[PDB]
Amino acid sequence: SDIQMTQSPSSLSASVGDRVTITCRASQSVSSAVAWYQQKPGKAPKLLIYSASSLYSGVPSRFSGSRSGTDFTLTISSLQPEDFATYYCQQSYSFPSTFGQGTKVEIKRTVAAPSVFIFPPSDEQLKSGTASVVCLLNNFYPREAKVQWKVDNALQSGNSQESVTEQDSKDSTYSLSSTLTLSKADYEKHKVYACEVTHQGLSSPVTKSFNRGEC
Amino acid sequence: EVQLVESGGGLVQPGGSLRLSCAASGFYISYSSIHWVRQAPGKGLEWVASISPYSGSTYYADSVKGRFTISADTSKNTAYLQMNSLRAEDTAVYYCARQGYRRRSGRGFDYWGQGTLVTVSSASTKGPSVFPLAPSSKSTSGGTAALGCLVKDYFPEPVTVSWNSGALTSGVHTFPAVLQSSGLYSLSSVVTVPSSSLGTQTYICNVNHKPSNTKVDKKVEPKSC
RNA sequence: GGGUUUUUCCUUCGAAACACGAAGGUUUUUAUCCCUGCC
RNA sequence: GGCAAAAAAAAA
């Protein structure tokens, strides 16, 4: 007889000043013994609402919760950039206790074009027989943006790893790391190392590069 | 002023055992319910145990009964979690939480530790080799330009990078570690500044991998001529 | 029907989900208790 | 009308 919490949705995205609503439905009765948390990436969670609807001492007024039988909503009257987080609902009606799968609220802001960078693999790393040229996209929006690697105009595939920060808490911009990993052979073998990115701050795709030796 | 500080996690091998502890400061653990809540990497939170006051009664998630066991020491104002028969499924960040005061917040959890990461793996630890990423120019450098440290090949998470020992925070971006086919982690930390102050200031990153027990500071420079 | 004597469920509170405590509540079961004498 | 009686245990 374990109670299960069903949060909706898994993710959502609204502009600043938009109104956003999360809901959790309970398998069975939990009274108003429901709490809601905010979790920003990596840090611990924070209490927003206790007792299904009461507002915890210190939280902004724009967060509220209500209960309709077994239907719990959590509503953020005005979205603000500080509010990109992941929200969880918790029932503490009986043991064991149950959370939701979690709702990840992203934020909508105007398109911001990445400033692109390329780095030659430091030769201390060529001291070790491996190559790590690496490409960078700083402070941009939206998240979806595509990097292509070229080597002597030869398009490359299946050898590069991308990593992207969480959305910024102030201006809600993203940042991405494309790292191409290769050997010491293939680095001093070819000459030019192109990195082209296609994004919506770009009329045409932008490419940055260098040559080997001439650094 | 209230604060919970968990510790004791790390890398442990399957079948192995750990003990976490939770050091309370700011309030006495005997008068609230203390719970442990774990969170898998990138997945959601999961209640694990709790002990309620005065009675000292405990309760456990179905996931961990038989294996896990929560105790409290009211003198050391510490709550503990002994973990036996550890399995790969148990790899997570572990939080201890205080249940707030009944009038002040019902059954809500009002203060949380910052969490201690437990890695269940057969692998053995390796510290990173860290390589600088230099701002590359073949002409004059009067703009804003970026630079950073590459942190390659280590296990397990986490590493902690700090530019100039915490002096540099504006425009710093430490990327999440991605896991290479090698089975080791590797990430990049970047910081932006106007190059107008490049030649006068120094750019060292403070990397630190306590699993491997490594602390390295590389010193980021420009390239050829 | 009205009770006596024991139980429980619930409610508010005690730093308090259970356990312990305080102050309260209005119901109902057992033909498995009493409804008897006196001006 | 005025008194006096009597009396075991369960459940929400």
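Chains as they are written, first to last, in my numbering: chain G, 9 to 223; chain H, 107 to 331. Where a beta carbon is used, it is the ideal one built from N, C-alpha and C, also for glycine.
Verify the CB distance criterion: does G:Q156 have a CB-CB separation below 8 angstroms to chain H? For the purposes of this step, residue 156 of chain G is taken as residue 148 along the first sequence, with counting starting at 1. It does not; no Cβ of chain H falls within 8 angstroms.
What residue ranges within the region 167-204 of chain H form continuous alpha helix (DSSP H) runs of no fewer than 4 residues, ordered along the chain? Not a single unbroken stretch of the alpha helix (DSSP H) spanning 4 or more residues falls wholly within the region 167-204 of chain H.
Have a look at G:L163, G:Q99, G:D179 and G:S165 and flag the residue whose alpha-carbon is nearest the alpha-carbon of G:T118. If you number the first sequence from 1, residue 118 of chain G lands on position 110. If we check each option's Cα against that of G:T118, G:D179 comes out closest.
Buried versus exposed call for H:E327 [16 or more other C-beta atoms within 10 Å across all chains shown]: In the second sequence, residue 327 of chain H corresponds to position 221, counting from 1. That one is exposed.
Does the distance from the CB of G:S217 to the CB of G:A202 come in under 8 angstroms? For the purposes of this step, residue 217 of chain G is identified with residue 209 of the first sequence, where counting begins at 1. For the purposes of this step, residue 202 of chain G is identified with residue 194 of the first sequence, where counting begins at 1. Cβ distance < 8 angstroms, so G:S217 and G:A202 count as in contact.
How many Å lie between H:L274 and H:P264 at the Cα? Locating residue 274 of chain H in the second sequence gives position 168, counting from the first residue. Locating residue 264 of chain H in the second sequence gives position 158, counting from the first residue. Going from the Cα of H:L274 to the Cα of H:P264 covers about 21 angstroms.
Per DSSP, which one or two residues make a beta bridge with G:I57? Locating residue 57 of chain G in the first sequence gives position 49, counting from the first residue. G:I57 is bridged by DSSP to G:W44 and G:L63.
Taking only beta carbons into account, state which residues of the region 165-177 of chain H come closer than 8 angstroms to chain G, listed in chain order. Answer in chain order: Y165, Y166, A167 and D168.
Just to confirm my understanding: we take G:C32, look at its own chain, exclude 5 residues before and 5 after, and list those with CB closer than 6 angstroms. What are they? For the purposes of this step, residue 32 of chain G is taken as residue 24 along the first sequence, with counting starting at 1. So the list reads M13, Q15, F80, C97 and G108, once near-sequence residues are dropped.
What are the uninterrupted segments assigned as beta strand (DSSP E) that are 3 or more residues long and contained completely in the region 88-138 of chain G, given in chain order? Runs of the beta strand (DSSP E) lying entirely within the region 88-138 of chain G, each at least 3 residues long, are 93-99, 111-116 and 123-127 in chain order.
Quick one: Cα of G:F148 to Cα of H:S138, how far? Within the first sequence, numbered from 1, the residue matching residue 148 of chain G stands at position 140. Within the second sequence, numbered from 1, the residue matching residue 138 of chain H stands at position 32. Looking at the two C-alpha atoms, the distance is approximately 45 angstroms.
Give me the Cα-Cα distance between G:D176 and H:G162, rounded to the nearest whole angstrom. Reading the first sequence from its first residue, position 168 is the one you call residue 176 of chain G. Reading the second sequence from its first residue, position 56 is the one you call residue 162 of chain H. Approximately 43 angstroms, taken between the alpha carbons.
Using a Cβ-Cβ cutoff of 8 angstroms, what residues of the region 206-239 of chain H are near chain G? List them in chain order. Here the close residues are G206, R210, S211, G212, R213, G214, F215, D216, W218, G219, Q220, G221, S235, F237, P238 and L239.
Where H:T298 meets chain G, residues with beta-carbon distance less than 9 angstroms: Residue 298 of chain H sits at position 192 when you count from the first residue of the second sequence. Chain G residues near H:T298: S123, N146 and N147.
Beta strand (DSSP E) containing H:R144: first to last residue? To locate residue 144 of chain H, count along the second sequence from 1; it is residue 38. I140 to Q145 is the span of the beta strand (DSSP E), which, as asked, contains H:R144.
Do you know how far the Cα of G:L20 is from the Cα of G:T111? As a working note, residue 111 of chain G is residue 103 in the first sequence. As a working note, residue 20 of chain G is residue 12 in the first sequence. One alpha carbon belongs to G:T111, the other to G:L20, and they sit about 7 angstroms apart.
Within 7 angstroms of chain G by C-beta, residues of the region 303-331 of chain H in sequence order: So the list reads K329 and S330, given in the order they occur along the chain.
Return helix, strand or coil for H:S245, following the three-state DSSP convention. Working through the second sequence from its first residue, we reach residue 245 of chain H at position 139. DSSP places H:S245 in the coil class of the three-state scheme, outside both helix and strand.
The region 189-196 of chain H / the region 115-128 of chain H touching (three or more Cβ pairs under 8 angstroms): Cβ pair count under 8 angstroms is three or more, so yes.
Compare the C-alpha of G:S61 against each of G:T138, G:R75 and G:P129 and name the closest. The residue given as residue 61 of chain G occupies position 53 in the first sequence. Nearest of G:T138, G:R75 and G:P129 to G:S61, Cα basis: G:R75.
Where does G:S186 land, buried or exposed, given buried means 16+ other C-beta within 10 angstroms? For the purposes of this step, residue 186 of chain G is taken as residue 178 along the first sequence, with counting starting at 1. Buried, since its Cβ has 16 or more Cβ neighbours within 10 Å.
Under the three-state reduction of DSSP, which class applies to G:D176: helix, strand or coil? Residue mapping note: residue 176 of chain G aligns to position 168 of the first sequence, counting from 1. Here G:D176 sits in coil by DSSP.
Counting only Cβ pairs nearer than 7 angstroms, list the residues of chain H close to G:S100. To locate residue 100 of chain G, count along the first sequence from 1; it is residue 92. Result: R213.
Express the C-alpha separation of G:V200 and H:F237 in angstroms, rounding to a whole number. The count along the second sequence starts at 1 and reaches residue 237 of chain H at position 131. The count along the first sequence starts at 1 and reaches residue 200 of chain G at position 192. Linking H:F237 to G:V200 through their CA atoms gives a straight-line distance of about 21 angstroms.
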